[PDB]
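below you'll find the sequence and an experimental structure to go with it.
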Amino acid sequence: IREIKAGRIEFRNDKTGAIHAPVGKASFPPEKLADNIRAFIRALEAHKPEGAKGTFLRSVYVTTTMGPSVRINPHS
RNA sequence: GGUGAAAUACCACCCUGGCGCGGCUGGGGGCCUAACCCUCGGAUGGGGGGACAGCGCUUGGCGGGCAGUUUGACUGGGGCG
């Protein structure tokens, strides 16, 4: 619960394979956004079920609640 | 707020079902015609078929027409038992 409040985020692929979560506060330091971004990258990459069969990490989108939307490379 | 298993804004990811156009690729129906077959009926040019079917290889399958084997031992015979 501690971190839940302290600095949390969670996983939960919806109906057909999608997750939703935060990885870098609003105006907040770009680099910071980068950090939580990649952090989730991994967290996820890890949770990745052994039952995958092909291009696992699919549609990688970063977008805003009510704002723009576009994919990103969980890599560089 | 309100209603339920669910929130109602706009902006995300993603599925069900159908349309537009764009890469791939499968099916299919049309004369032609130069390879090719037959051609020509008295001439190397005309005629009829024409991408088929001939035909080379690879595929699958009917398949006695054929080939080569086999279809046991005991048991007061063999076999049948």
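Ah, there it is. Numbers count the residues shown, from 1 in each chain, chains lettered A, B, ... in the order given.

so how many other residues sit close to residue A:71?
As a burial measure, residue A:71 scores 11 neighbours (other C-beta atoms under 10 Å). Any C-beta I mention is one placed from the backbone N, CA and C, and that applies to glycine too.

for chain A, which residues are neighbours of RNA strand B?
Counting by C-beta under 7 Å from any atom of the strand, chain A comes close to RNA strand B at A:14-18, A:20, A:58-59, A:61, A:63-69.

if we go to 6 Å?
A:15-18, A:59, A:61, A:63-64, A:66-69 (C-beta under 6 Å from any atom of the strand).

adding neighbour count, write those out as a markdown table.
Shown next, in a markdown table, are these (neighbours: other C-beta atoms under 10 Å):
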| residue | neighbour count |
| --- | --- |
| A:15 | 5 |
| A:16 | 5 |
| A:17 | 8 |
| A:18 | 11 |
| A:59 | 7 |
| A:61 | 11 |
| A:63 | 12 |
| A:64 | 8 |
| A:66 | 5 |
| A:67 | 6 |
| A:68 | 7 |
| A:69 | 8 |
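
out of the residues you listed, which is nearest to residue A:47?
residue A:17 (12.7 Å; C-beta to C-beta).

where along chain A do the strands fall?
Using DSSP state E, the strands of chain A run over residues A:61-63, A:69-71.

I am finished for the moment; much appreciated.
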